[PDB]
Amino acid sequence: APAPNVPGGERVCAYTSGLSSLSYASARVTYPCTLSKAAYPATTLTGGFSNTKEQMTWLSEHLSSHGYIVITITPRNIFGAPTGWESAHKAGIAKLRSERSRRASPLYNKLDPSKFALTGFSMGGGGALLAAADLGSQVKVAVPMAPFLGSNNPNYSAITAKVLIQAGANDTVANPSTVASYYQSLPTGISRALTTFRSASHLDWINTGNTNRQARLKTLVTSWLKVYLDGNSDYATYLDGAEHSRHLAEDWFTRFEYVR
Amino acid sequence: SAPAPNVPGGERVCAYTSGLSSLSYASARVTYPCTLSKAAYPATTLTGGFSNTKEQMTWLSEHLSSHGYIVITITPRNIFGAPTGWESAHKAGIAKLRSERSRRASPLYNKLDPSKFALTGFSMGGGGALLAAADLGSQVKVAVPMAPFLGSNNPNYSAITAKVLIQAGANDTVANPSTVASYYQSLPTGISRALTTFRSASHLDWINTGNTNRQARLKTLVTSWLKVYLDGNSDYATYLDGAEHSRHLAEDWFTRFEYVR
């Protein structure tokens with residue numbers, strides 16, 4: 001069980017050829033280079049307003065180093081509204097399924113469509129909530145990170161994914177109170193968590209964020225994917241086991257909630 | 001009375017790919033009712049759009065074949081092309097159906113009615129369906145462009161003789177509903193035609209990962225249009241301008257509804 005706060009075993013490859021879509025501006029897939037296993041779980045990844053996919057590599061290349069396919073996406077309008085990122089997320093899921101069927105693609109017959117996630121920062125996290133509500137059981141996990149929904153309201157009643165919502169205690173864009181209200185909108189019957197990190201500011205979720213703090217962010221995101229995408233209970237310790245106790249002893253969180 | 005068009009029909013669905021190669025598209029898959037007891041079946045092409053493959057359209061192809069349709073779902077030669085590339089795919093589908101009808105070893109041998117051919121396509125495949133329907137004229141009876149995207153392609157609408165249902169999504173930002181409505185406004189005045197813009201529908205509702213509840217509404221209209229105007233089965237008219245259509249109004253399915261019978 002590679003530690004989730006640092007790169008995992010796998011060497012990471014990437015490509016952009018064949019990833020065009022009318023529903024976003026550009027995309028980049030990172031993946032474990034060998035691709036030796038029978039099928040791989042996958043997640044979308046976006047930033048938010050004014051961000052592009054290049055700003056999210058701190059997370060995409062970390063996750064692919066732990067065995068995940070990641071499609072990181074620049075939406076059609078980086079200066080748009082959260083529904084613009086909703087479309088980007090659905091287009092990422094569509095592209096992954098398309099790539100599984102495209103003989104020329106490096107992902108040909110290598111994706112497990114039952115282990116797809118949506119992951120997104122700020123307005124991209126709002127888009128991830130909107131898309132999780134629209135896709136229903138077609139996505140297994142959603143990870144909205146410092147989500148920003150503005151006026152938009154997802155159909156929370158329809159979400160079936162296992163949802164980890166992250167917030168930043170010092171975040172004045174996605175106020176941790178507002179993020180918490182999204183988390184308290186979720187269905188009571190889904191596995192879910194709220195992790196509000198001490199000292200974290202909004203931009204801790206792009207490349208220019210604090211390296212030490214991002215290790216904390218990576219710990220939770222990676223472990224959530226391992227437990228609820230792969231079903232790997234070796235990473236439960238980081239959610240409510242001995243490692244979570246270490247996080248408490250280090251005062252990682254201003255607020256923490258978890259429904260297994 | 002007739003099987004409901006929002007859920008699978010009465011027929012078990014079979015499929016084949018052998019013999020479907022063409023130099024005008026990359027790949028194709030025919031779905032069909034397994035028994036083929038009727039003397040002649042109606043048929044439609046089906047494509048996705050830019051960056052789509054035929055695998056992503058099975059929500060509709062397998063539904064339609066469960067309602068008695070032969071469907072040839074097609075991955076174009078260039079999935080990253082322009083709408084005229086899907087126009088080619090649609091014409092290639094019609095030519096392949098003609099060929100299959102005469103091919104002794106084909107499941108469809110002598111089982112197609114060439115007076116009941118249709119084109120159905122999503123986004124740039126919907127633009128391709130409009131472009132192909134103009135060039136094909138009376139060779140196709142029905143066309144169903146779904147959230148069509150034509151770009152700066154300008155079809156010769158005055159050559160379309162098919163009965164055309166255009167679908168749109170009220171929340172569609174790629175195939176903007178006002179632009180799609182402009183295509184409807186361009187259709188010739190002598191054809192049966194309709195515009196259905198679906199409340200709350202987004203562009204990617206017309207591929208497999210679309211919202212399943214909204215897709216049931218999409219299936220209702222696509223299936224009912226083919227039944228009435230391809231099959232000539234008046235038992236589905238209720239879904240267009242009868243009691244079932246009035247249920248759709250009651251449930252606020254549409255931001256736009258236009259229909260010339």
Side-chain angles (χ1 to χ4, degrees), chain B residues 9 11 13-25 27-47 54 57 60-74 76 86-121 125-126 128-145 155-156 159-165 187-188 190-193 222-236:
Chain B
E11 309 265 4
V13 180
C14 280
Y16 77 95
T17 59
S18 74
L20 295 185
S21 281
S22 172
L23 196 47
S24 295
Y25 56 58
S27 70
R29 177 182 186 241
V30 159
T31 46
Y32 65 101
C34 292
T35 70
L36 290 198
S37 62
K38 308 216 296 177
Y41 283 80
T44 182
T45 66
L46 181 58
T47 79
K54 66 193 191 296
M57 296 305 283
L60 189 53
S61 60
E62 296 180 355
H63 171 80
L64 291 180
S65 290
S66 81
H67 277 275
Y69 290 97
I70 298 176
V71 183
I72 182 170
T73 311
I74 295 162
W86 281 268
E87 171 193 5
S88 291
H90 281 298
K91 302 172 174 170
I94 296 296
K96 178 57 72 163
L97 288 170
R98 285 188 213 286
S99 177
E100 289 298 277
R101 186 191 176 212
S102 284
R103 184 165 69 92
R104 307 107 253 121
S106 160
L108 317 177
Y109 174 70
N110 199 32
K111 285 303 189 164
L112 288 161
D113 184 347
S115 80
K116 298 189 184 306
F117 289 164
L119 316 177
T120 306
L130 285 166
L131 290 165
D135 269 349
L136 284 165
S138 75
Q139 296 186 50
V140 295
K141 189 175 195 198
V142 164
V144 183
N156 178 9
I160 303 182
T161 59
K163 301 106 175 55
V164 178
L165 160 68
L187 291 171
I191 64 174
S192 309
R193 63 197 180 276
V222 173
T223 307
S224 289
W225 192 259
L226 293 173
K227 287 280 181 181
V228 169
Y229 287 106
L230 196 60
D231 298 43
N233 188 349
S234 43
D235 291 341
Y236 284 83

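The basis for the numbers below is simple: all heavy atoms, side chains too, and nothing from hydrogens, waters or symmetry mates. The sequence lines fix the lettering, A, B, ..., with proteins before strands; numbering per chain opens at 1.
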Knowing that exactly one of B/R103, B/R101, B/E100 qualifies, which makes a side-chain contact (heavy atoms from CB on, under 4.5 Å) with B/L108?
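Exactly one candidate clears the test, B/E100.
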
Determine the sole option in B/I70, B/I72, B/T73, B/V13 for which the side-chain contact (heavy atoms from CB on, under 4.5 Å) test with B/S61 is passed.
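The side-chain contact (heavy atoms from CB on, under 4.5 Å) with B/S61 is passed solely by B/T73 among B/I70, B/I72, B/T73, B/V13.
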
Just distance, no hydrogens or angles: give the donor-acceptor pairs under 3.5 Å from side chains in residues 30-41 of chain B, sequence neighbours left out.
unit_1 : atom_1 : unit_2 : atom_2 : d
B/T31  : OG1    : B/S65  : OG     : 2.8
B/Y41  : OH     : B/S37  : N      : 3.0
B/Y41  : OH     : B/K38  : N      : 3.1

Starting at [atom1] of [X], measure out to [atom2] of [Y] and round the result to the nearest 0.5 Å.
| X | Y | atom1 | atom2 | value |
| --- | --- | --- | --- | --- |
| B/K96 | B/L20 | NZ | CG | 6.0 Å |
| B/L119 | B/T45 | CG | OG1 | 4.0 Å |
| B/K111 | B/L97 | NZ | CG | 15.5 Å |
| B/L226 | B/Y236 | CG | OH | 11.0 Å |
| B/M57 | B/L46 | CE | CG | 4.5 Å |
| B/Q139 | B/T161 | CD | OG1 | 9.5 Å |

Minimum heavy-atom distance [X]-[Y], with the two atoms named:
| X | Y | result |
| --- | --- | --- |
| B/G9 | B/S66 | N-OG, 2.8 Å |
| B/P188 | B/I160 | CG-O, 3.4 Å |
| B/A143 | B/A162 | N-CB, 4.0 Å |
| B/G93 | B/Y25 | N-CE2, 4.2 Å |

Using modelled atom types only, decide if a donor and an acceptor are shared between the side chain of [X] and the backbone of [Y] within a distance under 3.5 Å.
| X | Y | result |
| --- | --- | --- |
| B/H90 | B/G125 | yes |
| B/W225 | B/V142 | no |
| B/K116 | B/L230 | yes |

B/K91 bridged to B/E87 by N-O distance under 4.0 Å:
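Salt bridge present between B/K91 and B/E87.
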
Is the shortest side-chain heavy-atom distance between B/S115 and B/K141 below 4.5 Å?
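When only atoms from C-beta onward are counted, B/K141 and B/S115 do not touch, as no gap falls below 4.5 Å.
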
Any side-chain heavy-atom pair from B/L130 and B/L187 closer than 4.5 angstrom?
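They are in contact (side-chain heavy atoms under 4.5 Å apart), so the answer is yes.
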
Under the criterion side chain to side chain contact (heavy atoms under 4.5 Å, CB included), I'd like the reasoning laid out for B/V164 against B/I191: C-alpha separation, chi angles, the key distance, then a yes or no.
CA-CA 8 Å; B/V164 178; B/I191 64 174; 4.0 Å; yes

For B/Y69, all residues meeting ring pair (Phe, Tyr, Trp, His ring centres under 6.0 Å), sequence neighbours excluded:
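Partners of B/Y69 under the ring pair (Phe, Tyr, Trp, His ring centres under 6.0 Å) test: none.
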
Keeping to residues at least two apart or across chains, list the salt bridge (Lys or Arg N to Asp or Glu O under 4.0 Å) pairs with something in residues 61-70 of chain B.
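Non-adjacent pairs meeting salt bridge (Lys or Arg N to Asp or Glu O under 4.0 Å): B/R29-B/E62.
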
